[PDB]
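Virtual Cβ from ideal backbone geometry, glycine too; neighbours counted across all protein chains shown. All of this is worked out from the model, or read from it or from the source named; these are not laboratory values.
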Amino acid sequence: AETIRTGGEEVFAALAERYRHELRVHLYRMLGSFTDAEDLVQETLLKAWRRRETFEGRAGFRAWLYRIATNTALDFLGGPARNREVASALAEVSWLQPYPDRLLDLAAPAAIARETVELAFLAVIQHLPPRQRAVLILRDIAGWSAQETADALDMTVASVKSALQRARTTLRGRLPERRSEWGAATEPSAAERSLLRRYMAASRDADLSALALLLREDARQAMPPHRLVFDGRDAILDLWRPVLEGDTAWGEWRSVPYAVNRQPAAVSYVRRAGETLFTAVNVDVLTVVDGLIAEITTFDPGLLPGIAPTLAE
């Protein structure tokens, strides 16, 4: 559509429905939060309906919507969310939520790759000031030129280039280097699904020795919403052992696979003494390299959209 948008009208939210899902993932890279991104796409689409005469036709509807969305993110991040700048980044991004693979698949701009949605990546770019975030995301992920970026953000091209450089510099050296194939994954791999099954089975069967064999020596389990981090395999094993073994053990465990951010993940469920169903405990998102868990990022299912609170057996 080139100019039908002001003359024709109710076919707007129909046309904007095409880009809704990409826009939400874009907002989620900036924000780290699925619910905040959903709130901000609805606002973007509302604005785009209102500000309907602003579209002149330079770079198309999607670039115009991307411009609106990005500046709406920056408004949020300069106002209410101004304090959301981290100075483990994972363990400190308490508003971080995962993004289900099923919903990522609806949002291809060529599917979205692990490179651009992986939790460690999203956490580290919460280190960047909001405008640096928009420059990095728009240039290195959305494929915008420096001129396009500068126009969207009311900056100069030199500003954009320098900001991109300070962004790429902070990001490299704070993000582990991933193999190109790992970063290209558009779903967990057969090897990752297989480890995930041994991970779930370690809770089902209260099998710490098996769990230890799954963990890198320097593995971290971070819990961003609870601002807790457990550094090293011994720290993780000390956390789990009283939950699974002995007089302290909570109960019996079952888990459900749940791909998010192109990573293997499982929702764990516990059934305590006297209970009939299992109740959701943790969403564990594994970072798996070479058949070893390098990181576990753990969220609360109740605080997240979309997760069955109980299961039957």
| said: Kindly evaluate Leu311 against the criterion of being out of contact with any helix residue (DSSP H, G or I) (no Cβ under 9 Å at 6 or more places or on another chain), surrounded by 15 or more Cβ atoms within 10 Å (Cβ to Cβ) and hydrophobic (A, V, I, L, M, F, W, C). | reply: yes
| field | Any pair with Cβ under 6 angstrom, 6 or more apart, that starts in the range 292-309 at a residue that is more than 15 Å from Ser268 (Cα to Cα) and in the same structural domain as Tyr258 (by TED's automatic domain parsing) and ends at one that is small (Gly, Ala, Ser) and assigned to a strand (DSSP E or B) | value | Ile293/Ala219; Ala294/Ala219
| remark: Cβ pairs under 9 Å, 6+ apart or interchain, first in the range 114-127 and outside the structural domain of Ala167 (by TED's automatic domain parsing), second small (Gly, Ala, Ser) and outside any helix (DSSP H, G or I), ordered by first then second residue, are none
| remark: Checked against (1) in a loop (DSSP other than H, G, I, E, B); (2) surrounded by fewer than 16 Cβ atoms within 10 Å (Cβ to Cβ), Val86 satisfies every condition except (2)
| field | Residue selected from the range 186-218 under the condition of a type outside the set (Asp, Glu) and not in a helix (DSSP H, G or I), by the criterion farthest from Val270 (Cα to Cα) | value | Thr186
| task | Could you tell me whether any residue of the range 268-286 is touching a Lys or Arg at 6+ places or on another chain (Cβ under 9 Å), within 17 Å of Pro257 (Cα to Cα) and of a type in the set (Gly, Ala, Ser)? | result | yes
| request: Could you tell me whether any residue of the range 149-164 is touching a helix residue (DSSP H, G or I) at 6+ places or on another chain (Cβ under 7 Å), surrounded by fewer than 15 Cβ atoms within 10 Å (Cβ to Cβ) and either more than 30 Å from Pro305 (Cα to Cα) or not assigned by TED's automatic domain parsing to the domain that holds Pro305 (or both)? | output: yes
| query | Restricted to the range 14-41, and to residues that are over 14 Å from the mean Cα position of the chain (by Cα) and part of a loop (DSSP other than H, G, I, E, B), which residue is nearest to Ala113 (Cα to Cα)? | reply | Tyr19
| request: Please indicate, with yes or no, whether at least one residue in the range 178-185 is in a loop (DSSP other than H, G, I, E, B) and surrounded by 15 or more Cβ atoms within 10 Å (Cβ to Cβ). | output: yes
| Quick check, is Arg178 within 23 Å of the chain's Cα centre (by Cα) and within 21 Å of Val93 (Cα to Cα)? | no
| said: Quick check on the range 252-261. Is at least one of its residues outside any strand (DSSP E or B), of a type in the set (A, V, I, L, M, F, W, C) and buried (at least 16 other Cβ atoms within 10 Å of the Cβ)? | reply: yes
| said: Suppose we keep only residues that are assigned to a helix (DSSP H, G or I) and touching a helix residue (DSSP H, G or I) at 6+ places or on another chain (Cβ under 6 Å) within the range 92-118. Which one would you say is farthest from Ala142 (Cα to Cα)? | reply: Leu106
| said: Can you find, within the range 287-312, the residue that is farthest from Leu96 (Cα to Cα) among those that are of a type in the set (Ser, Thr, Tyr) and under 15 Å from the mean Cα position of the chain (by Cα)? | reply: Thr287
